[PDB]
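Protein chains in written order, with my numbering: chain C, 68 to 183; chain P, 68 to 183; chain V, 24 to 138; chain A, 24 to 138.
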Amino acid sequence: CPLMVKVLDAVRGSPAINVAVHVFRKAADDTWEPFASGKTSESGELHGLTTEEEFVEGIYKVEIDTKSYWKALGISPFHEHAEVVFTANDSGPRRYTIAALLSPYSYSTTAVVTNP
Amino acid sequence: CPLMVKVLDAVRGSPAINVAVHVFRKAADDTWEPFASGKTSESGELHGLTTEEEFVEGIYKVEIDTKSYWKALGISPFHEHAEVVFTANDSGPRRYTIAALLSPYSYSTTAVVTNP
Amino acid sequence: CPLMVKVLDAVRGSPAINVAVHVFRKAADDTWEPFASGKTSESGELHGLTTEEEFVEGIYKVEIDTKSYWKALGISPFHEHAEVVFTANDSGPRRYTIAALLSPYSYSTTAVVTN
Amino acid sequence: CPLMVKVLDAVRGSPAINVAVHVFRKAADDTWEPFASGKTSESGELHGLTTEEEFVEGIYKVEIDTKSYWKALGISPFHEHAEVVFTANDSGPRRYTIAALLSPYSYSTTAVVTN
Ligand SMILES: CCOc1ccccc1-c1nc(-c2ccncc2)no1
Ligand SMILES: CCOc1ccccc1-c1nc(-c2ccncc2)no1
């Protein structure tokens with residue numbers, strides 16, 4: 068519930084299904100520790116990444132594997148991935164949705180942050 | 068169910084709440100006939116605009132009143148509105164989501180079209 | 024020089040070349056009167072639309088013929104066109120650039136207003 | 024000339040001026056080595072990053088320091104930075120422009136790859 072990812076396809080006008088997403092958290096030593104991962108559903112959504120307990124304050128990186136998606140539709144895209152890096156939960160727990168809209172040579176991302 | 072509008076605020080990182088939306092349909096005489104209207108909810112969504120019966124084939128215009136939103140947050144924006152114009156249901160009934168992401172000097176829009 | 028339009032293609036990663044663009048000014052009776060038009064260049068730009076003398080405060084609509092663009096590339100598009108509607112205000116900077124980034128089911132637009 | 028970066032501000036409708044940009048090339052051991060950097064100009068552009076000789080095929084990362092930008096304007100931002108990661112491929116056009124459109128909780132990026 069606290070971290071959700073939504074991915075849309077701007078070419079097809081559809082959810083981007085079966086998109087791999089990897090989440091990292093910056094460790095004390097400044098390396099990126101694996102935090103969670105998953106694949107978007109048939110609605111382009113990925114829930115279930117983490118729990119309120121696990122999702123502590125920190126700097127998080129959400130890596131959306133856009134290059135496998137375009138190639139596994141038969142398209143050679145420009146970007147390797149879309150990376151979204153942000154500090155989370157630094158004034159207490161929030162719920163974050165990271166949304167991404169994909170084209171072969173472009174993407175946009177936005178965050179929706181709500182306080183439960 | 069067949070036509071939904073979702074509006075997000077890129078400054079606040081939130082749904083864009085209480086955004087007025089007007090939908091028009093192009094008439095035989097090439098004028099824009101009022102079709103439906105409403106306001107986004109606290110989740111930035113507007114459902115209930117039309118029914119499968121009412122939502123026939125045609126050219127539709129979804130006008131999102133972005134200028135009242137920015138001003139009624141105390142911001143003077145650039146655009147008068149965001150207009151999304153498209154042919155609908157021309158190969159049979161589809162479900163359309165029109166999404167818009169707003170900034171004072173910019174917006175983006177995408178469509179998600181699904182076949183029930 | 025006061026009004027320029029820049030159009031980009033998010034599918035091919037290129038300027039959107041030979042796109043028709045029509046500019047309208049809102050008239051007293053709430054109708055849209057033709058103001059300027061042209062086709063984007065090889066760099067996706069359209070210059071020469073108006074002059075400082077002609078470009079007075081008011082409500083303008085920039086209609087980009089995205090459907091013809093995508094059709095000419097063999098790609099099925101969603102929108103009839105992209106329309107960007109804005110007020111020109113003399114209290115703000117002098118030169119307006121209307122930029123649009125096109126995909127078949129999506130577009131993005133922004134204004135760069137500079138002195 | 025082969026690599027340019029353009030940054031725009033969607034809140035103010037202007038170029039994003041004096042934004043720090045760092046470019047990295049991926050090394051054999053999967054680490055990111057510094058390649059080029061600078062600050063955007065008054066037109067939101069950064070030229071002069073590299074030369075044709077230096078800019079070989081590979082994986083590049085363009086990190087835009089969006090958080091400092093927004094802080095200097097007094098605006099609370101979401102992202103630490105914006106990172107654009109791509110492969111340079113010689114089979115495609117010669118000149119790369121990486122464009123980014125910034126908002127406090129969102130950004131858009133596109134590539135314009137031309138000859
Ligand atoms: C939290 C975002 O959730 C959504 C949920 C349902 C449908 C769409 C979205 C969504 N739309 C956009 C959007 C992307 C590009 N241009 C305009 C809008 N980003 O996310
Ligand atoms: C003001 C002229 O604009 C430009 C001039 C030169 C090159 C590129 C651009 C440009 N990039 C974008 C853009 C839009 C949405 N997401 C990312 C980028 N819009 O315009």
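For every residue, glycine included, the Cβ atom is placed at its ideal position computed from N, Cα and C.
query                                                                                                                                                                                                : result
With ligand 2 as the reference, list in chain order each residue whose Cβ lies under 5 Å from any of its heavy atoms.                                                                                : V:29, V:120, V:122, V:124, V:131, V:135, A:29, A:122, A:124, A:131 and A:133
Would you mind reading off the limits of the beta strand (DSSP E) that contains residue 95 of chain A?                                                                                               : Note, residue 95 of chain A: premise wrong, no beta strand (DSSP E); alpha helix (DSSP H) at 89 to 95.
Can you list the residues of chain V that residue 136 of chain A reaches, using a CB-CB cut of under 9 Å?                                                                                            : 35, 36 and 37
From residue 85 of chain V to residue 39 of chain V, what distance separates their C-alpha atoms?                                                                                                    : 16 Å
Under a three-way DSSP split, which group does residue 99 of chain A fall into?                                                                                                                      : coil
What first and last residue would you give for the beta strand (DSSP E) that runs through residue 166 of chain P?                                                                                    : 162 to 170
Could you name the residues of the same chain whose beta carbon sits closer than 6 Å to that of residue 177 of chain C, not counting the 5 residues immediately before and after it, in chain order? : 166
Short of 6 Å in beta carbon distance, which residues of its chain neighbour residue 103 of chain A, apart from the five on each side in sequence? Order them along the chain.                        : 90
Starting from residue 108 of chain P, trace the beta strand (DSSP E) both ways and give me its first and last residue.                                                                               : Segment: none, residue 108 of chain P is in no beta strand (DSSP E) and carries neither H nor E.
Per DSSP, what kind of secondary structure is residue 106 of chain A in: helix, strand or coil?                                                                                                      : strand
Where does the unbroken beta strand (DSSP E) through residue 32 of chain V begin, and where does it stop?                                                                                            : 26 to 32
What whole-angstrom Cβ distance do residue 101 of chain C and residue 162 of chain C have, given they're in contact under 8 Å?                                                                       : The Cβ separation is near 22 Å, so there is no contact.
Are the region 62 to 76 of chain V and the region 29 to 37 of chain V in contact at 8 Å, needing three or more beta carbon pairs?                                                                    : yes
When you compare each of A:130, A:101 and A:45 to residue 157 of chain C by their alpha carbons, which one comes out closest?                                                                        : A:101
Kindly indicate which three-state DSSP category residue 123 of chain P falls into: helix, strand or coil?                                                                                            : coil
How many Å lie between residue 131 of chain P and residue 93 of chain P at the Cα?                                                                                                                   : 17 Å
Quick one: what's got a C-beta closer than 7 Å to residue 123 of chain P's C-beta in the same chain, skipping five residues either side?                                                             : 156
Let me know the secondary structure DSSP gives residue 92 of chain P once reduced to three states.                                                                                                   : strand
In or out: residue 143 of chain P buried (at least 16 other Cβ within 10 Å) or exposed?                                                                                                              : exposed
Could you tell me whether any non-hydrogen atom of ligand 1 is closer than 7 Å to the CB of residue 140 of chain C?                                                                                  : no
Just to confirm, does residue 72 of chain A get its C-beta within under 7 Å of one of the non-hydrogen atoms of ligand 1?                                                                            : no
Measuring CB to CB, does residue 170 of chain P end up less than 8 Å from residue 46 of chain A?                                                                                                     : no
Could you give the DSSP three-state label for residue 183 of chain C: helix, strand or coil?                                                                                                         : coil
Just confirm the distance between the C-beta atoms of residue 150 of chain C and residue 108 of chain A, as a whole number of angstroms; I'd bet it's less than 8 Å.                                 : 7 Å
Under 7 Å, CB to CB, which of the residues in the region 153 to 177 of chain P have a partner in chain C?                                                                                            : 168, 175 and 177
Which one or two residues does DSSP pair with residue 54 of chain A in a beta bridge?                                                                                                                : Answer is none; residue 54 of chain A lacks a bridge partner.
Going by DSSP, which residues form a beta bridge with residue 39 of chain A?                                                                                                                         : Bridge partners of residue 39 of chain A: none, in fact.
Give, in chain order, every residue of the region 92 to 105 of chain V whose Cβ lies closer than 8 Å to some Cβ of chain P.                                                                          : 101, 102, 103 and 104
Please name the residues in the region 113 to 138 of chain P whose beta-carbon is closer than 8 Å to at least one beta-carbon of chain V, in chain order.                                            : 126
To the nearest angstrom, report how far apart residue 110 of chain V and residue 136 of chain V are at their CA atoms.                                                                               : 12 Å
So, using beta-carbon positions, are residue 42 of chain A and residue 92 of chain A closer together than 8 Å?                                                                                       : yes
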